[PDB]
Amino acid sequence: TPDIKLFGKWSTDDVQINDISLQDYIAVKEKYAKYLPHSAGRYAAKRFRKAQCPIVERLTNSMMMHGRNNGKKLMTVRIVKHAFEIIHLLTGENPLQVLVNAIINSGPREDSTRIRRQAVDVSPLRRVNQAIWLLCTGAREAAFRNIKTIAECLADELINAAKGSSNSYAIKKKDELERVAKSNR
Amino acid sequence: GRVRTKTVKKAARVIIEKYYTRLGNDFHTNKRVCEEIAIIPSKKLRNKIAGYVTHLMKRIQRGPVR
Amino acid sequence: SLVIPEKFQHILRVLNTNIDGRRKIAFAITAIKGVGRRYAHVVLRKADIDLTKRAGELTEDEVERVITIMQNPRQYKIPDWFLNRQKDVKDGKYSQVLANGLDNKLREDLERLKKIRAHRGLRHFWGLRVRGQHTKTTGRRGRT
Amino acid sequence: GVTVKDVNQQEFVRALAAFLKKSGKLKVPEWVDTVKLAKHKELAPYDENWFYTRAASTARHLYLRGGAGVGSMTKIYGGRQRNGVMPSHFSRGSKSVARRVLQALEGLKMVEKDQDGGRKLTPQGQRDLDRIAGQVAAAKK
Amino acid sequence: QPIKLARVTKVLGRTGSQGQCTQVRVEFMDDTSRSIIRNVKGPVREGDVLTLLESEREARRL
Amino acid sequence: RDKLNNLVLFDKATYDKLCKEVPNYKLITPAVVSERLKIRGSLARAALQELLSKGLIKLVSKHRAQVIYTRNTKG
Amino acid sequence: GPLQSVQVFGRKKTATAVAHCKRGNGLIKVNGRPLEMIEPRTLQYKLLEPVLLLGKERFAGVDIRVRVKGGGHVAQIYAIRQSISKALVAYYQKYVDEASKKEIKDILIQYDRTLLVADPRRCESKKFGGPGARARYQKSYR
Amino acid sequence: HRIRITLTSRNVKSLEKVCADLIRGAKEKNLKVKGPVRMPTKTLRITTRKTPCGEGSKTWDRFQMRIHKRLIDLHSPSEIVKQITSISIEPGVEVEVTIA
RNA sequence: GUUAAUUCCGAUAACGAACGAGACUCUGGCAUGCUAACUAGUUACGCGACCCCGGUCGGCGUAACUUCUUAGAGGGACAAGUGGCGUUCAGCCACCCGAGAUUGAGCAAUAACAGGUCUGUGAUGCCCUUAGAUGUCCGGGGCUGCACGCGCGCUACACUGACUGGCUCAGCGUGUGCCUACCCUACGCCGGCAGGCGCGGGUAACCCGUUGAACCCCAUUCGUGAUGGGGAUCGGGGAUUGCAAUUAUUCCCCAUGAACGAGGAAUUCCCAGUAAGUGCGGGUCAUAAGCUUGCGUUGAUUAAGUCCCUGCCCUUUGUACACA
Ligand SMILES: [Mg+2]
Ligand SMILES: [Mg+2]
Ligand SMILES: [Mg+2]
Ligand SMILES: [Mg+2]
Ligand SMILES: [Mg+2]
Ligand SMILES: [Mg+2]
Ligand SMILES: [Mg+2]
Ligand SMILES: [Mg+2]
Ligand SMILES: [Mg+2]
C-alpha cells in the first residue's frame, strides 16, 4: 500500500532534507517508510548498509544504553512513540521534520585527531552517527534522578536542537568540538 | 582467500589432458564427469577440482597453457 | 478533596516518636521501631483506615485507634506467627515490642548471653561477627 | 457468537471478578488480609478484593487448559524471587491460596474434580464465562 | 568568509598515526575545475559531499 | 546541593492557581505540572484526573509510564 | 466444491508458525485469537504489514489459522508475519494463475526481503573460559 | 501377533544395516510391518578438566557418546520371529524383543 | 606478484619429497523431493460442551497424509555467471540468481621448559619410619580464626525505576544406583510460608511435561526525600537433612534498615544473533551455588583500518651477547 506512515499517525511525506550534504545518509522517504521503528536487522553485515536503515530505527537503537536496559527494544520503541506525540502538540507539525532538522544541526562538521592535534573534517556518515549519539545522551542525562520522564527529555532535546537554540546538550557539544578543531588548525 | 591448493590443482592438471574431449565448459556437467572418472574422497573436494577444470578450459581456448 | 485540611498535622507524636504527616499513613507509621513495611499494613486493615489518606490527614480518634491495636495484637485476630517476640524467655508471652521497648529488650538479651558467658555473648562483647561468617577480608572499615 | 478467546483478556478478568463480587457466593477465607500471596512477594496485595480476582483468574485459566491441579496453579502464578545479595531465582506460588480458590470455585458450580487429577471447567460454568465475554465484547464497541 | 561543499573523486588511502583518518581528493560542484586533497575522519564513500568549514589548506600526501 | 520542598496538598492559594493557566498549557503532564507548582508527583496525577473529567483538558495518550494531556481546542 | 488447502510454515530463531490457509470468506485467527489481540500489542503493525500492504480484497475468499510453538515473544511475531505472507503466495501459485503470484511477490519483497525468506541467524555455542560465545573472563596479571 | 523389536547401538552405520535387513527379512515372507521409526538421538556429555595438576590455562574436554534407537514391529507368532532375529547381528547392535 | 597460510603463479644449482596448513570429523543453515512413523503429529470425518449456519474446544474417537516433530540416504556452493582490476597467470572487488557467496568448534608439526603434578593410581627409583608407628581406627578441635594488603565475582546506587495485580513466550538436559543407603515427580487433603500426610506414573519421544522460566507486556501505588532505592548487621520463633548443626548447614516468618548518590591513578573483554540484560539444566549434592560448564530468550553503538602502544612472522644489517 502507498503512504506508509509511522505509527499509523505521522506521514513520512512532506519531510524535506535541506542540506544536500547528508541527503543520501538519512532514510525517511518512500523506500524506507515503515509503520514501526522496529525492524529485523542485517544492517551491520557490511560497511555501508547502515545508511539504508531508517533514521527512526537508528534512534531507537541509540536508546538501549547504560547497562540497565540493553536489548530492551519494546521499552525504547514506546518511548519514541510518546516522545513523537508530545513533540507534535508542543511544536505543531510532523515530528519527523523536527528530528531530521536536529540531525542536520547537531552533527559536528570538523574534528581533531592525533597525526598537538590536526583539524580534519567529518565524513557525512559519521555526521549522522554523531548526531544520533549526541541527541540521545543529552536526553539520558536530563532524565537521570529527575521527576520528568525520559520521553519528554527526549522531546525537548529534539525540539531545542532543531531550532539550534544552543540550550540543548547536543549543540553545546558540537560548537565545543568545532571551536577546539579551529584552534587545532 | 580462495586459493587452490596443489592437491586440487594437480588433479585438475592431470584429469584435463586425459579427458579433454569429455570435459566441457559448464561446472555442473563436468561435476558429473569427475565423480565416476576418478575417485574423490569427498564432495567438497570434488567441487573444487571440477570448478578449477572449468576455469582451465576457458584459458585453453584462447591459447596453449604451459 | 485535594485542598489541605485545616486540621492537617505535619508531625504526629505517637509512642514518643515523630511521624511525618506528609507521608502515606501505611509507610509513615513505619517510623516507630518494631513495625515494618508489612506489620503496618495489616494493622491499618485490622481497623478501618482509608489507606489513601496521608498520615497528617486522619482524625485524632483514628490515630489513637491505631495505637491500641499495635500494643494489643492478639486481641484483634492478629496471627501469632506475625509477631517479632514470639515465645520469649521472660514470660512466655507472644507480644509485639515497639519503640523503646525493642531497644530495652535487645540490651537485656545481649547481657543475658554474656551473663552465662556463652560464645555468642563473647562475640558481641568483642564487637565481631557472630553468625559464623568469615572475618579475614570483610567488615574491615569498621574495625579500624 | 463471542467466546473468551475472541475478547480482550486483560479487562475480561476485571469484569469476571466483579460478577463474582455481585454473586456473594464465594466463601472467601478468613485470613484474606493477613496472608502474603507468595513467598517471592514482598507485601500484601494492594487491592483488598484480590481474592475475587484470584478466583476469576484461575477460572479463566481452567477454560484455556483443563486438568490443572493445585501444583499447576502454584507454578502458573510464580515469579522472580529477589534473594538479597544473591542472584534472583524462580519461586512457586502458595499452595493454600490455590487450594482454597479451587475449593471456592467448586462450592458454587464452576469446576469439578475430573479424572486423571486436577480440575476442569463444568458445562454450566463454561456458560458463565461465555456470558461475561458477551458483555465485555459489546462494551468496548 | 563563506563555506564551501565538495564531492570526493576517489579514496587515496588510510593515514594517521593510528589509521583513523583518510586522504581523499575533493571536487567542488561550485567550480568543476578546482580539486584538492583533504583528510577526512570517518567512513567515506565515493561521490559523497563533504562540508568544508574552510577550503584553503591542502593536506600533504602519504 | 539543592533540596526540593514539594507540598502534598494544595493550599487555597494554589488550587485556584492551576484552574487558571494549566488548562491553557500546550503540554500537560504530571511531571511538568509538578515542577511549575512545586507539588508531589502523585498530587499532580490526582489533580490532572479531576480536570480531565470536567472536560477542560482532553486526553491524547495514556500509558502506565506516562499519561499525556493537552488543552481544549481554541474556540 | 473441492477443498482449496495449503499448509505453509514460518521460521525465526526457534519459533515456528505453520498456517493452514483454506478457501473461506476472509477469516484470520491465531491460536484461536484474532491478529489484533496478540501480545505484545506494541508490535501489532508487524502482523498487519502483509494485510495492509495488500488489502482485504486479496485476503477475501480465504481463511488462515496460524498455530505457533517455540521461540520468544518477539520471535513469534516475526514467525506469524512469515507464514501469512508465504501462505498467500503458495495459495495463488497453485489455485490461481501465475500472473497473480508475481505482482504479489514483487510487493512483498520490495518492502522487506525477510518477509518471504527465512533468517539464518541462530545462537552460537558457549566456549569454556568465558561467560558467553566470545566474551572472556578478566585477566589478573597481578 | 503384535511384536515389537528394539535396536539400540552407539554406531549409526551398522544399526541401519540390521534395520535394513529385518525389513527385508520380513517383507520377503509377505507379512506386513510398520516402517523403521527412529527415536531422537541421545547425547551423553561428560565435560572434564584436561589437567590432573592445578596449573595451566583452564581447558576442558568435550566427550560425547551418542545412542541411536530403532523400532520395528511384526504381526506374526513367536515361532517365526525367533529365527529372524537370530541371524546376522552386528556386534555393536543389540536386539531386544517384546510382546504387545 | 598473490593468499588466512612455506597458499599458489612464477623465477631457479637444483631435482624429487616428508610433516604442519589445507584437506578431514562434528555442528548451523535448506530440501512441500525420497524412506518412514499409536513412545510424533496435521488435515478431514462423526460425536459432545458452550456462544449466537458459523465460532472455540491440549474434550473424545477414526480415514488419509508427513507441512509442522523425529532420523537416515542423497542433493546443494564451486570464485560457477556477469562487469572491472591484474604479467593477464596466480588471484582481488562488486553485482545477478540464490537458504547460504567468510557459521562455530575438534584434531593439530620439529625443538624445548630442569613450567605443574610423587596429595590420581596396585606408575616408580632412592631416602626415612615401622609397634610408644609418618600404618590403620575411634572421640574432640582446626583447615572459616582477624589492627591489614591483593585477585575472580554477586548485589546495588534508582522513575529507561521499585511495589501490587493481570497477561503471554523457550531450549539444551537429568531422573529409582555392583558394593551404595542416597531418584524425578503428577494428584488430593492439612498449614500463612518453609513443609507434612495418603496415593499414582516413570529404568523414560511413554511420566513429571504442552517443561504455563525469567526478562519483557498491560494496569495500579509511590514522586527525587538515602525515599516504597539498597539489603549489610542483629533479636525472637517454626521446619527440613543428617548418628551429631553450637563458630548460627539450609529454608521460612516478623522486626532490625549500615555503606552506597556512577567510583582516583590504573586496567580487562569484545565486533553479529556478537556485547550486554534475563532466566533455566548438569557438575559438585545426606543437607547444596554468589563457582564452573551448557541452553534459550530480548538484542545493540561502533569498525571493514593501522603498526602509534603491547607483541608475533620473513628478509637485510650491527654485535665485545651464547644459562643469549
Ligand atoms: Mg525521570
Ligand atoms: Mg509466572
Ligand atoms: Mg619440570
Ligand atoms: Mg621446578
Ligand atoms: Mg634417616
Ligand atoms: Mg581453604
Ligand atoms: Mg530506605
Ligand atoms: Mg526495596
Ligand atoms: Mg656497529
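The coordinates are above.
Parameters and conventions
Residues numbered from 1 in each chain as written, not as in the entry; some residues may be left out. Chains lettered and ligands numbered in written order. Part of a larger assembly, values for the part shown. Heavy atoms only, no water. Contact = heavy atoms within 4.5 Å. Buried area = accessible area lost by both parts, 1.4 Å probe. Salt bridge = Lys/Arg side-chain N within 4 Å of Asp/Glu carboxyl O. Polar contact = N/O pair within 3.5 Å; in protein donor to acceptor, adjacent residues only side chain to side chain. Helix = DSSP H or I, 4+ residues; strand = E, 2+ residues; numbered from the N terminus. Nonpolar A, V, L, I, M, F, W, Y, C, P; charged D, E, K, R; others polar. Expected span 1.5 Å × (residues − 1). Buried < 20%, exposed > 50% of the residue type's maximum accessible area, 1.4 Å probe, protein only. Near = heavy atom within 4 Å.

1. Quick word on the interface of chain A and chain E
Here's step 1: Opposite the 22 residues of chain A that make contact, chain E presents 23 residues.
Here's step 2: Counting the surface lost from both chain A and chain E, the interface buries some 2,200 Å², and carbon and sulfur atoms represent 55% of this.
Here's step 3: The three residues of chain A that bury the most area against chain E are A:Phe48, A:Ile115 and A:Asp121, which together make up 25% of that side's buried surface.
Here's step 4: Remark: the boundary between chain A and chain E carries three salt bridges.
Here's step 5: The shortest N-O distance in the salt bridge between A:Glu110 and E:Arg57 comes to 3.2 Å.

2. As for the interface of chain F and chain C
Here's step 1: The interface of chain F with chain C comprises 11 residues on the first partner and seven residues on the second.
Here's step 2: When chain F packs against chain C, close to 860 Å² is buried across both sides, 67% of that on carbon and sulfur atoms.
Here's step 3: When residues of chain F are sorted by the area they lose upon contact with chain C, F:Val8, F:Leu9 and F:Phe10 head the list and together hold 54% of the total.
Here's step 4: Across the chain F-chain C interface, the total number found is zero salt bridges.
Here's step 5: Our count for the contact surface shared by chain F and chain C stands at two residue pairs in polar contact.
Here's step 6: Where the side of chain F that touches chain C is concerned, the elements lending two or more residues are helix 1 (12-18) and helix 3 (41-53) of chain F.
Here's step 7: For the side of chain F that touches chain C, the leading source of residues is helix 3 of chain F, giving four residues.
Here's step 8: Of the residues that constitute the side of chain F that touches chain C, the class distribution is seven nonpolar, one polar and three charged.

3. Some thoughts on helix 1 (residues 12-27) of chain H
All names here are of chain H.
Here's step 1: The terminal C-alpha atoms of helix 1 lie 23 Å apart, and with 16 residues this matches the ideal 22 Å at 1.5 Å per residue to within 8%.
Here's step 2: Regarding helix 1, the residues found buried are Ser14, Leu15, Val18, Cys19, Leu22, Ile23 and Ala26.
Here's step 3: Considering only its buried residues, helix 1 is in contact with strand 1 (2-9), strand 2 (33-49) and strand 3 (60-75).
Here's step 4: With a side-chain oxygen lying 2.7 Å from the backbone nitrogen of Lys13, the N-terminal cap of helix 1 falls on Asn11.

4. A short note on the protein's contact with RNA strand I
Here's step 1: The immediate surroundings of RNA strand I are formed by 239 residues, with A:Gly71, B:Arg4, D:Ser88, D:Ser94 and D:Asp130 found nearest.
Here's step 2: Protein-adjacent atoms of RNA strand I, using a 4 Å cutoff, are sugar or phosphate at a proportion of 73%.
Here's step 3: Between a phosphate oxygen of RNA strand I and a main-chain N or O atom of D:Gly71, the distance comes to 3.4 Å.
Here's step 4: Here a sugar or linking oxygen of RNA strand I and a backbone polar atom of G:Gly72 are 3.5 Å apart.
Here's step 5: Here the surface near RNA strand I gets 11 residues from one element, more than from any other, and that element is strand 2 of chain H.
Here's step 6: Of the residues belonging to the surface near RNA strand I, the class tally is 64 nonpolar, 76 polar and 99 charged.

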